[PDB]
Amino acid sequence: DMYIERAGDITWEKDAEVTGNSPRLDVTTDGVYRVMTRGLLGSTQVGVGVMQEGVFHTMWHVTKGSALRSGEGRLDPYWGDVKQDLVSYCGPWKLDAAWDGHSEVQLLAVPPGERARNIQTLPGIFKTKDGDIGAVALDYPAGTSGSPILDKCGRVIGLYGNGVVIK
């Protein structure tokens, strides 16, 4: 039994936390949800995801294509990609926004057993083997993966877990 419970609103918080890990630039209803999996003993958060325009968005490794219970209703997967590590439920992919490249972002981190929180940060670019990946330099536990990363205009520009390749 894999299910979703709501974590909070998707907003750019003006008085958000600011990380010391990076340098500064200059001196059905929508929201974030915890993807859970109940067991014999207790319950355990496997990931995070975004509900937007009647479509639930998360990463493939969280659910692995499993149907999600949502209180009374049930959510079947519509589309996915294993190599990109993405999956949508109830409709096609709707998060069309992207990082501009010259701005700070807010990670709306939704960690396991802990409240949702915005952390402001400048993304770095890391030359990995087989790509220059852009990433937010913030280590959160596994189960936080799928947490949305936001721009100043409120839009989800990426999901936390794996970085983003640049070509």
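One rule holds for the numbers: they count along the sequence shown, beginning at 1.
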So residue 27 and residue 28 are neighbours in the shown sequence, but is anything from the deposited sequence left out between them? Give the count as none, 1 to 3, 4 to 9, or 10 or more.
10 or more
Could you check the entry and say whether 38 to 46 or 102 to 110 has the higher mean CA B-factor?
38 to 46
Between 129 to 137 and 65 to 73, the record assigns the higher mean Cα B factor to 65 to 73
Residue 155: CA B-factor among chain residues, third -> lowest
Residue 123 by Cα B-factor - lowest, middle or highest third of the modelled chain
lowest
Divide the modelled residues of the chain into thirds by Cα B-factor and specify which third, lowest, middle or highest, holds residue 90.
highest
